[PDB]
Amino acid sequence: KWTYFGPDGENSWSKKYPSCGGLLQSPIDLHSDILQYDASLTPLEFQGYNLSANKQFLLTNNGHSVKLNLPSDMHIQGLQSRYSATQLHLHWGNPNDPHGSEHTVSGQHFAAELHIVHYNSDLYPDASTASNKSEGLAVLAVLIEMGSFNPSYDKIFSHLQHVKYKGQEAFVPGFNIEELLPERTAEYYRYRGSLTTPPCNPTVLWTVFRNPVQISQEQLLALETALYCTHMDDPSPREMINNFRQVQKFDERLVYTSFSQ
């Protein structure tokens, strides 16, 4: 029954989900005082991201975001373990305030944020098992700015009107997921953190790319207006907007960067 607004909003998550009040919480504000170059943060390699256009992948409204299920033959290499994809999802604001990224950079929110969730498939048989374990998850984050129309993100957004309500599912033809990534993926921030939603487990290695991507105002408006947190028959409908957590205290962490300037 957790939400991002009202009595069950983010200041209340810890009442039911103790880790939301614990250490290592995400998201965070990426600002100069807490950044440190780390020359060991070499490029990631994206393996299996080119999904076949003749296959299809399940898109679901889970009542909190829209998520696309991804095949476990999709993985990121370059980490000390291989991590296999499990799903991607987004966070966004609202039509009157299109400023709903989770991470901020030097105190500024971006329009929206894409997260590609992966689990340690060297160590664990599935993402749920990995999720409460040491080194379990790795999330890639792409900051999204209002800008030009993005045909690659539209491969997801063109299906919004078919997953309007909680529990609804649709199929999306495969496409190359690396088209959702920005320029210069070798430039990223890296830190230890958590899931940004309940249960807030502190088991996520975050990689936030330095450069944002653009999607148009019209794409953001569709994202911000198409979806409901509630089921199709709910007498108290709730729009799915502003589904981002506020930034969290650092608690002595640093954020390591693969770029020195």
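Whichever C-alpha set is largest while still superposing within 1.5 Å between the two forms counts as the rigid core. Residue positions are given as counts along the sequence shown, with the first one as 1.
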| item | value |
| --- | --- |
| Higher-deviation stretch (C-alpha RMS, rigid core fit) in 9 other deposited structures of this protein, choosing from 27 to 35 and 230 to 238 | 230 to 238 |
| Residue stretch of maximal mean CA temperature factor, 172 to 180 vs 125 to 133 | 125 to 133 |
| Per the entry, higher mean C-alpha B factor between 109 to 117 and 67 to 75 | 67 to 75 |
| Out of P212, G193, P198, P43, residue topping the C-alpha B-factor column of the entry | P43 |
| C-alpha B-factor winner, where the candidates are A138, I144, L160, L90 | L160 |
| Where the record places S84 (Cα B-factor, split into thirds across the chain) | highest |
| Within-chain third of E10 by Cα B-factor, per the entry | lowest |
| Chain thirds of CA B-factor: placement of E187 | middle |
| Ranked C-alpha temperature factor of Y17 among modelled chain residues, by third | middle |
| CA B-factor placement of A222, once the chain's modelled residues are sorted into thirds | middle |
